[PDB]
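For reference, the structure discussed in these notes is given below.
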Ligand SMILES: CCC(CC)CN(C[C@@H](O)[C@H](Cc1cc(F)cc(F)c1)NC(=O)O[C@H]1CO[C@H]2OCC[C@H]21)S(=O)(=O)c1ccc([C@H](C)O)cc1
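Protein chains in written order, with the UniProt record's numbering: chain P, 489 to 587; chain A, 489 to 587.
Written out as structure tokens, the structure reads:
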């Protein structure tokens with residue numbers, strides 16, 4: 489689908505057997521999700537934004553269905569205000585910007 | 489133009505007679521730029537993202553030529569790590585997400 493930007497580009501995702509809403513964020517290099525249990529091992533990581541830095545758990549090879557499009561990649565879980573789908577996953581579903 | 493997301497969607501912008509590179513950020517509702525000298529009056533405002541909040545200077549009806557497309561709107565000026573073109577201006581140049 490084509491999405492206009494007059495409202496927040498939120499989409500439904502299926503991850504870890506849970507349904508959530510996430511923001512397709514072209515300004516984010518990485519996918520960051522609010523707290524959950526992504527099954528398997530992780531490695532501590534620190535990520536930064538406009539306001540400073542937050543501590544997240546880095547989970548690799550996580551399956552995520554973004555509006556029915558399947559993708560596996562690194563997913564960081566931590567105190568983000570909002571779920572954000574980053575460019576690591578957006579490339580996999582073939583998402584593009586169009587003026 | 490159509491832009492794939494395998495790299496950061498960086499574009500050149502012209503603002504206040506200054507040439508800069510900015511990030512097409514669908515996750516940003518408003519435009520926020522690193523410190524610069526933008527002519528006119530301003531009003532303090534606080535905006536938040538990952539890691540917390542920053543205090544920015546709000547400017548209204550500012551002209552910006554983004555990748556050859558002109559747009560007028562509010563631009564927030566403050567300690568952002570990266571220049572970001574938000575949805576307030578992305579809609580004027582006709583930007584859409586397509587996957
Ligand atoms: C969840 C945050 C999101 C929603 C709550 C809001 N943000 C948008 C998002 O696109 C940022 C862009 C970004 C890119 C960057 F290189 C440096 C930055 F500081 C910010 N990306 C981000 O934080 O990404 C994280 C994960 O990926 C990594 O790479 C990059 C940083 C790391 S915002 O910029 O705070 C923002 C902008 C405008 C407004 C106006 C006033 O409405 C409000 C808030």
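Note that the Cβ used here is the ideal one computed from N, Cα and C, for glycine as well.
The C-beta separation of residue 546/A from residue 558/A comes to about 20 Å, leaving the pair out of contact by the 8 Å criterion.
Cβ contact annotation for residue 508/P (same chain, cutoff 7 Å, sequence separation greater than five): 501 and 571, in chain order. Excluding its 5 nearest sequence neighbours in each direction, residue 553/A has C-beta neighbours in its own chain below 6 Å: 502, listed in chain order. Among the residues of chain A, none has a CB under 9 Å from the CB of residue 551/P; the nearest is roughly 17 Å distant.
Residue pairing for residue 558/P: DSSP places it in a beta bridge opposite 553/P.
Looking from the CA of residue 544/P, the closest CA among 583/P, 587/P and 518/P belongs to 518/P. Setting aside the 5 residues that flank it on each side, residue 563/P is surrounded in the same chain by 519, 521, 526, 547, 550 and 552, each with a C-beta closer than 7 Å to its C-beta; the list follows chain order. DSSP places residue 493/A in no beta strand (DSSP E); its state is neither H nor E.
Nearest C-alpha to residue 569/A among 580/A, 537/A and 529/A: 537/A. For residue 497/A, the neighbours in chain P by C-beta distance under 7 Å run, in chain order, 514 and 585.
Counting the other CB atoms within 10 Å of its CB gives residue 575/A a total of 16 or more, which places it among the buried residues.
When the Cα atoms are used, residue 512/A and residue 513/P turn out to be separated by approximately 9 Å.
The beta carbon of residue 535/A sits closer than 8 Å to those of 518, 520, 541, 542, 544, 564 and 566, all from its chain and outside the five residues before and after it, given in chain order.
The continuous beta strand (DSSP E) containing residue 586/P extends over residues 584 to 586. When the beta-carbon positions are compared, residue 573/P and residue 587/A stay at least 8 Å from each other. The beta carbon of residue 569/P falls within 8 Å of a beta carbon belonging to chain A, placing the residue at that interface. Here residue 523/P has 565, 566 and 567 as same chain residues with Cβ atoms under 8 Å from its own Cβ, once five neighbours each way along the sequence are excluded. Annotation: Cβ neighbours of residue 575/A in chain P (cutoff 9 Å, chain order): 493, 494, 495, 496 and 497. The beta carbon of residue 532/A sits no closer than 8 Å to any beta carbon of chain P. Secondary-structure assignment with DSSP links residue 512/A through a beta bridge to 573/A.
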